[PDB]
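Trainee: Sequence first, structure after, both from an experimental entry:
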Amino acid sequence: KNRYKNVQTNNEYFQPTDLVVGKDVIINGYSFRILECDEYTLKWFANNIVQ
Amino acid sequence: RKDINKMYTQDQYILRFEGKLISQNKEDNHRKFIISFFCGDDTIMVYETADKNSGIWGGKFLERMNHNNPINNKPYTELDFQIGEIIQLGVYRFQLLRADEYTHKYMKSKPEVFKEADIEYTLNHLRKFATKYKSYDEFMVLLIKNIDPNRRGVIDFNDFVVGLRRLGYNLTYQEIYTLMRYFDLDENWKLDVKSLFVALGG
Amino acid sequence: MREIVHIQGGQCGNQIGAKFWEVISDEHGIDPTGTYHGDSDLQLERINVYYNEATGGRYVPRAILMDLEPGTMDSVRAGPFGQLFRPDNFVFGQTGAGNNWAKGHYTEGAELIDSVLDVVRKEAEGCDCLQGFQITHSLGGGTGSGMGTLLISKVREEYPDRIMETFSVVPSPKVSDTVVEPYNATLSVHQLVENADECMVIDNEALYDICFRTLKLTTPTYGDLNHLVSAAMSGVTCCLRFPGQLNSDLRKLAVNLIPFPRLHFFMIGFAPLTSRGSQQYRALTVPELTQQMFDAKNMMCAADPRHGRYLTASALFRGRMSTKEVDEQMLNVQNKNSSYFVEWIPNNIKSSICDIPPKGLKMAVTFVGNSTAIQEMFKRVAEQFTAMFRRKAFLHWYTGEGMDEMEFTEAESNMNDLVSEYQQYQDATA
Amino acid sequence: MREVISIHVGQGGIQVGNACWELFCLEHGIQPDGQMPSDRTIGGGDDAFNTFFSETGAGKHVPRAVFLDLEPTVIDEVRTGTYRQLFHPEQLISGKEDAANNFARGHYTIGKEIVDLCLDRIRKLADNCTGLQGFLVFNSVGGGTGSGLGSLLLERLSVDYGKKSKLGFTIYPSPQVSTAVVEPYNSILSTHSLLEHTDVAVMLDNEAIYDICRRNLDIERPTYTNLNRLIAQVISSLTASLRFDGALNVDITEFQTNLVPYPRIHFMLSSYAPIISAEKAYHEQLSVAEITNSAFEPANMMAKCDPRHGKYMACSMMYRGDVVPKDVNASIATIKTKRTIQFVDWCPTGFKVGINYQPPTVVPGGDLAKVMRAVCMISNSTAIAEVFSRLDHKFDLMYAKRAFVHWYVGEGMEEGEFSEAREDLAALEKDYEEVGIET
Amino acid sequence: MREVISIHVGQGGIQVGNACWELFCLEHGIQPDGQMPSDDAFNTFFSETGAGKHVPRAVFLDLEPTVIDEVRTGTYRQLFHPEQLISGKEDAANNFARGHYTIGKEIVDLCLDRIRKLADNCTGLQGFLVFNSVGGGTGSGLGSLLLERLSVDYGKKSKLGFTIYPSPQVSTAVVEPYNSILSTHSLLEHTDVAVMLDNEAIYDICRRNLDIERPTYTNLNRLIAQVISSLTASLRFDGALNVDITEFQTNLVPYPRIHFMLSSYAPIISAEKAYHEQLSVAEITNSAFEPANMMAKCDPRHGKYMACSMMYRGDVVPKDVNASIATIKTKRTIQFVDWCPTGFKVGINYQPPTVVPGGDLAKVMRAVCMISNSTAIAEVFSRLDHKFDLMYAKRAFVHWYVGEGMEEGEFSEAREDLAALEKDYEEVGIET
Amino acid sequence: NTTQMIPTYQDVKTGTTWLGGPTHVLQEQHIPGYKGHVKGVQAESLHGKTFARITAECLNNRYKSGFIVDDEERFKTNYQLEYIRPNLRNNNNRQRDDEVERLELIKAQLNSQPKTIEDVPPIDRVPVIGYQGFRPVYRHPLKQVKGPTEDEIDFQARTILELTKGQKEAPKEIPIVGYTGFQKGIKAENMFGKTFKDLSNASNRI
Ligand SMILES: Nc1nc2c(ncn2[C@@H]2O[C@H](COP(=O)(O)OP(=O)(O)OP(=O)(O)O)[C@@H](O)[C@H]2O)c(=O)[nH]1
Ligand SMILES: Nc1nc2c(ncn2[C@@H]2O[C@H](COP(=O)(O)OP(=O)(O)OP(=O)(O)O)[C@@H](O)[C@H]2O)c(=O)[nH]1
Ligand SMILES: Nc1nc2c(ncn2[C@@H]2O[C@H](COP(=O)(O)OP(=O)(O)O)[C@@H](O)[C@H]2O)c(=O)[nH]1
Ligand SMILES: [Mg+2]
Ligand SMILES: [Mg+2]
């Protein structure tokens, strides 16, 4: 549990919008792919990110 | 007083030549020599090479010193040390056959002193002689016919010099070498007449 | 060639090892995936000292992480550069020592050491020309102080000629966090003196002193403390990994620093250290490097050297600098402060030069000094120990696990004898 | 037809040897890769490189040198440098474990497993030569392997070849500024070994060269590399007469026949002049008269010993450049007349003079400027008795309390070797006062 | 007009003969299929078909199919004659009894069939070359049977065996001391010249000269092939001093029982450092006489020399050869037996040593092959006898031999023969 | 930095200054003994390169500064920084380009005659007479040969001509014999019998 730099965006800290399902992401020199998300987040995403 | 400034700025330049001795004796009509010229203080060293299984005691022939030409009573300079010349060191006369590659670069790198070593001067020298002939075009055909008897295209040094002497044009041995070496495409010392014709005019 | 394998035990040891391997990996340009990404050839010149090669072109450190509880390793493994460690090298118990020396030295450590002794022997046997071993642990906890020392005793029997290094974190009196500090610390030193070739003393109180006043940090963490220690530890073996004007390996330091076999307790200090605000106002020249070398507040121990006299001193410079300035300053300091230097051994300072500075720096300093002012550590530990032992406090736990109270006595006397003779050379004159 | 073999041991030996060979390659025109240039197509002239180099039959040359050490870090840097193609691959002998400033380790424990390889290598170099003049050795005496293997090699070389000449260039520890702490032991123990096994020895103390560079060359932050170029210059003027023609030739054998009055007394200290920087080199004439005055100037001594405190036994100096023999004789007459410089009573004549024609060469990226005249001098004096006195003072201090003795006893050297080493130094000293007294 | 026949028996024999014949083919310029690329001298080793390909004068013997199989599927399948590659079905299984009394008896007839057919074509047969590894079953037993049959079947013809003995401490099998002694006893009175090429020495030679730290069997066989070529180049290339096969046993064999000798070759230098030295004839002989450079694991410094045989090839000069001999004689650490004042035989050939492309060795204009006979050879026999005595004392591994026709008391007479050989070697080395 | 760029080739030939040189016309110095600030002496701890050259360094602003060193210039030792040949007086080996193309010539030549597409003689289409083996009955008797295709042979030939006097370079340049470095995976992948000089190439080529 720590704050990690994101190479994909000007060596900035991660933001909740960065983690997008279906698209790959980079953490600490490792490459991950997001397959699915908990639908609790899906409710959170629909209520706060829609602007 | 001794010229320190010349010693400082021209100590590194050393001219190395290969030569053969011209003398009455048939004893030494074959053995080769290497001649070194230190231009720092106009000092000349002559080395005598020895072949294996020859029986001759090779080694240093003349140690380095400074000595002048007997005819004009003037010290030798780098201008007089041009390839093809005969240099008389005391009672020994040497004929300069071939020069070191670094030496050839040195003479070519410094113009307005070694005039015979500059190509455009040699071409201008040869071309300027066409004034006595009637026309420029007939000068070319006369030259190629005289130089090349069977028009083979590539000639030797001996054929090249004998043709020029037959025409009656007085080229020093240095300029003849300069033109010969330049027009050698694959470096086997055979003149390319076709490029010579183009260089003169096409 | 001269490679060394890393041995580290206990949670105090593990947290130090985690930061140290990160520093070396960054120094040699090793990514968290274990693949080289450097630019200069010299970074791969002497990498065999610490890194082993596997198929696929990846590097793995030759470190052994050892403990009595699996909680610490499950935390250190997930950290940055934590995937480098080979999972086989991890060895842990299922019970723990509970800050009790006897549990970690007689009951659990004895049966557990069979496994960990197998893996370390495999590591030592693989390398063609072993140089030595280095240790990192703390003397305040039973698992670190008990099974760590019993490891030292066994390994010394199998490699009596190989060099051995130990970093000890002795408990400072002011910031003390356990009640059983004097018992296990006193007993561990008794075994430590007989077997360890070299000992470095590190006090967390001193580290707290340095960070608050030199770097001027409001809220440091153990990571910052671990960062300072790793910088010095890399400095000792740095010139063993890089070419320089004057080479100096581990063996050279030992012979040139300890005049007598039973005096191998040191104190270390790292320079230069500067706060971010004052980082742009200083000038990195030899006089500033050597003036902070010997300054009292920069030592990694709570022992002030001006209460005693230096026996011998050593210094390791990193970077490109003129040799004359290096030697000139050593003679300069050794003259203006003749009261702090023992007289019967002239020229008691050693110097070395390494051409590769640490990353982000131009010139560096690593100082290791043997001074008679560190006896106050054992003097104060002795008085708490005799305060504990006179009333037989917390003793039924220790005596209830196969040992009697007698072993407490000679360890007290042997440590007591150590202080007396170590103090003898302070007033000795020729 | 005359060859000399150079021996280098220790880190100081390798670094000194490295600076010497770049001078030799540039002096004879050798490129780093071995061919002279790729430009000169004549060759076959003025064979003088045979003294230091050896032809392979067609093309490159290989130096007649050997590199010996016990830690590979310094040697490995040579193999990855720009001179990787010059030396033969298997004459740069490297060990596995460093001596670690321990004389015993480098004399009885580790050196035995590596001394065999060198003698096999040396035998193969000597068989190639036909007119081998002698061996040169370079060693930093303050280091463990430098004095360790150096002691072992000289003892073995004494019986393998016998009367063959061996020349020594030691680098003694400085009186007050030193690298290590245990240097008095391994330095003193070295003297006993080399006293009866070397023919000529020269002191090359570091701080003396520090003074020269600061005062003359005007360098405020010198390093060992600047120093090694001066000693390399000394070697050049020392053996120049072997391969260069001059008015008077002085060979290697002319030193152990002119400079040591007695077999026990073969320790000497050298000087070099002029040493001047390019910006102020051209502001004075550098006359041969004044350059020989600078050599006898004790402030330019290359060892931290003042000859004014003792007498002179013999003085050998070599000139190179465009010197005139009558000018040389004129300056020598003034030196004898000078009252502050005195000679020993039983030496009415004490000068050996050599003249060479080749001026010293200038190395690009160097420090000295190029001059038409230079002199290198080797002097034997009773003033060399003081350095052993201060070493005896320091050695006795920490041997009274038997400090560091466990670092030597446990490696096979018995205790009694310190006692005999001390007595020989005392006997060696007593010789120096005995000789220095007048009749 | 001169011919020599090569015999390769046992896996070591085939794997060394492959390198030998590849080297010969490259040296003589034949294509792998056997057809000359349109270019007399090669008649010593080959045989013309009248017009077309050439047939090597070799026969391959083995009792196990796979090793011979690679010969018939490699690049040289079309070279050799199809029925000169004789292979059996079942192996000796390291049992000297099996390869000398049970299964090797029924193949020697066809071996001699092929030998007779090859020799009948030959008109000036000089001698036979035999290759075999001693530490093996059919290498020893079948070899012993073949030599015993060939001695009576050909009379006084010279036979040379380039055997391979087990190394002193590095070994592969566990019963190889047993079959080495019986094979040595069998060959002692049946071979004329024997050369020892134990494997451990070649490993050190490779590691020290060719700068190979992880060698394989391909490297070792190339050196042996080079040795064979240097030894037999005088039969097919002109030179200043030519020597035949017959003028070896008249020079290096002081007594009939003493015909065991060891070889050395120089130079062997990798191309990385081959051009750093001129390879003078004066120094190549020093490398040849270096005790560490011996191709057999024996120390010549521990005993007296009997005779030395020298082969120089390249562009050597007779004067330069003799100066090196004089220098070696003046040297003190090398001493000869008392009753041998003159102890050298010298050979000079003009053909330079050939280089295999893509190989290990560099190309040199000079080389020397040294064959010496010395009293130091007793050490290997002594250690072999000690190893056997440790084993045979309580009769280990004896049922695997006695059950195949081997008599129980056969080991005792072999031990007696070895003791007699040791006695002879010690009595020769004493001064009169 | 002044030691290698000053007396340039243009100035040394037909110029005022020789190798030693009173190079004060060309740039600025401070005639040894001088009291004053130089802006680069005490700050950078410049070593060697006597005072005349030190001032020329600071005056002409080649220079360096800062606590942080940008990797590349950080990783230089004193040995190769100073002993970089002779540079400026007058204006290396060609090897390791010939060695690689000799190696490739053997490989290309070896691949040149693999008997592609029924160019084998009538013999050798079937194996040798006494072959042992298996010889499956339900298989085509005559062997099948594929062989390399034409462009692959031409692919190798292009590089051979290209490498000789072309754009491609010598691979890496390597140490000689006893260099005790890592050598980049000689032990990880066995590579046992490949002639350490040659072994260096294969491991370093990757
Ligand atoms: N003049 C001079 N002295 C040197 C040089 N290098 C080392 N030394 C001297 O050598 C002494 C220490 O020994 P080193 O040369 O560094 O190493 P070593 O001789 O191999 O001995 P060990 O370190 O034990 O292996 C120092 O006190 C220096 O005085 C050098 O380049 N020039
Ligand atoms: N020099 C060399 N010796 C070899 C080689 N292959 C096997 N050997 C030796 O041969 C001995 C064992 O015999 P093998 O070659 O395996 O075969 P063999 O002699 O016919 O014995 P069997 O296997 O029982 O039939 C081993 O001890 C090796 O020393 C090789 O390629 N080169
Ligand atoms: N420098 C440093 N010291 C630590 C760290 N963690 C613990 N310590 C010290 O270790 C001592 C207690 O160690 P302990 O938990 O008993 O280790 P254990 O023996 O493995 O149980 C305390 O006095 C702390 O000062 C750390 O991360 N860094
Ligand atoms: Mg050293
Ligand atoms: Mg077999």
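Mentor: Great, that's in hand. Numbers count the residues shown, from 1 in each chain, chains lettered A, B, ... in the order given. Ligands and ions are numbered 1, 2, ... in the order given.

Trainee: Stretch D:397-404 near chain C at all?
Mentor: Yes. Contact of stretch D:397-404 with chain C (CB under 8 Å from any CB of the partner chain) involves D:397, D:398, D:400, D:401, D:403, D:404. Placement of C-beta: from N, CA and C, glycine included.

Trainee: all strands for the stretch 201-350 of chain C, in order.
Mentor: C:265-271, C:310-318, C:349-354 (DSSP state E, counting those that start in this stretch).

Trainee: Contact residues of chain F facing chain C?
Mentor: F:42-43, F:45, F:47-48, F:67-69, F:71-72, F:74-79, F:81, F:180-182, F:184-185, F:187-189.

Trainee: Which among the residues you listed count as buried?
Mentor: Buried members of the residues of chain F next to chain C, counted by 16 or more other CB atoms under 10 Å in any protein chain shown: F:45, F:47-48, F:69, F:74-75, F:77-79, F:180-182, F:184-185.

Trainee: Narrow those residues to those in helices?
Mentor: Counting by DSSP state H, the part of those found in helices is F:78, F:79.

Trainee: Of the buried ones among the residues of chain F next to chain C, which is the nearest to chain D?
Mentor: Ranked by distance to chain D (CB to the nearest CB), those are led by residue F:47 at 4.0 Å.

Trainee: my read: that closest one touches residue D:223, true?
Mentor: Yes. With contact defined as CB atoms under 8 Å, residue F:47 reaches residue D:223; the gap is 5.7 Å.

Trainee: Need the residues touching each of the two.
Mentor: Residues touching both residue F:47 and residue D:223 (CB atoms under 8 Å, 6 or more residues apart in numbering or on different chains) are residue C:322.

Trainee: so how many other residues sit close to residue C:351?
Mentor: Look at residue C:351: counted by other CB atoms under 10 Å in any protein chain shown, it has 21 neighbours.

Trainee: The one 5 residues further on now?
Mentor: Applying other CB under 10 Å, we find 24 other residues in the vicinity of residue C:356.

Trainee: swap in the one 3 residues further on?
Mentor: Neighbour count of residue C:359, defined by other CB under 10 Å: 13.

Trainee: Could I get the phi/psi values of the closest residue to ligand 4 within chain B?
Mentor: Chain B approaches ligand 4 most closely through residue B:12 (38.9 Å), counting by CB to the ion. The phi/psi pair for residue B:12 (degrees, to the nearest 10) reads phi -80, psi -30.

Trainee: just the helices in chain A please.
Mentor: Taking DSSP H as the test, the helices found in chain A are A:39-48.

Trainee: can you list the residues of it near chain C?
Mentor: A:28, A:29, A:30.

Trainee: Just give me the closest of these to residue B:141.
Mentor: Proximity of the residues of chain A next to chain C to residue B:141 (CB to CB) peaks at residue A:29, which lies at 80.0 Å.

Trainee: Can you tell me the closest non-neighbouring residue to the closest one?
Mentor: Nearest residue to residue A:29 in three dimensions, chain neighbours excluded: residue C:32, at 4.7 Å (CB to CB, 6 or more residues apart in numbering or on different chains).

Trainee: Which of the helices or strands spans the one you found?
Mentor: Secondary structure assignment for residue C:32, by DSSP states H and E: no helix or strand.

Trainee: returning to that earlier point: generate a markdown table for the strands of the stretch 201-350 of chain C, with distance to residue B:183 as supplementary columns.
Mentor: Converted to a markdown table, the strands of the stretch 201-350 of chain C look like this (distance: least, CB to CB, whole Å):
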| stretch | distance to residue B:183 |
| --- | --- |
| strand C:265-271 | 72 |
| strand C:310-318 | 63 |
| strand C:349-354 | 61 |
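
Trainee: Now tabulate those in JSON lines and tack on distance to ligand 4.
Mentor: Formatted as JSON lines, the strands of the stretch 201-350 of chain C follow (distance: least, CB to the ion, whole Å):
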{"stretch": "strand C:265-271", "distance to ligand 4": "23"}
{"stretch": "strand C:310-318", "distance to ligand 4": "15"}
{"stretch": "strand C:349-354", "distance to ligand 4": "11"}
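
Trainee: just checking, next helix/strand downstream of the host helix or strand of residue D:148?
Mentor: Taking DSSP H and E as the definition, residue D:148 sits inside helix D:144-161. Per DSSP H and E, helix D:144-161 leads on to strand D:165-171 as the next helix or strand towards the C-terminus.

Trainee: Can you tell me which helices and strands that following strand packs against?
Mentor: helix D:10-27, strand D:132-140, helix D:183-195, strand D:200-203 (3 or more CB pairs under 8 Å, 6 or more residues apart in numbering or on different chains; DSSP states H and E).

Trainee: can you give me the helices in chain F?
Mentor: Going by DSSP H, chain F shows helices at F:2-5, F:9-12, F:41-44, F:51-59, F:78-82, F:98-111, F:150-163, F:196-205.

Trainee: quick one: the second one to chain centroid distance?
Mentor: Helix F:9-12 has its average C-alpha position 29 Å from the chain's average C-alpha position, going by CA atoms, centre = their mean, to the nearest Å.

Trainee: residues in contact with that helix?
Mentor: Residues contacting helix F:9-12 (CB under 8 Å, 6+ apart): F:17, F:18, F:19, F:26, F:88, F:89, F:90, F:91.

Trainee: Which residues of chain C lie near ligand 1?
Mentor: Selection of chain C residues close to ligand 1 by CB under 6 Å from any ligand atom yields residue C:246.

Trainee: for ligand 2, what are the nearby residues on chain C?
Mentor: So far as CB under 6 Å from any ligand atom goes, chain C does not lie against ligand 2 anywhere.

Trainee: Which single residue in chain C comes nearest to chain E?
Mentor: Residue of chain C nearest chain E, by CB to the nearest CB: residue C:128 (11.6 Å).

Trainee: Check chain B too.
Mentor: For chain B, CB to the nearest CB, closest residue to chain E: residue B:53, 10.3 Å.

Trainee: so how far is chain A from that residue?
Mentor: Between residue B:53 and chain A the computed distance is 72 Å (CB to the nearest CB, to the nearest Å).

Trainee: what number of residues lie near that residue?
Mentor: Per other CB under 10 Å, the neighbour tally for residue B:53 reads 4.

Trainee: Okay then, goodbye and thanks.
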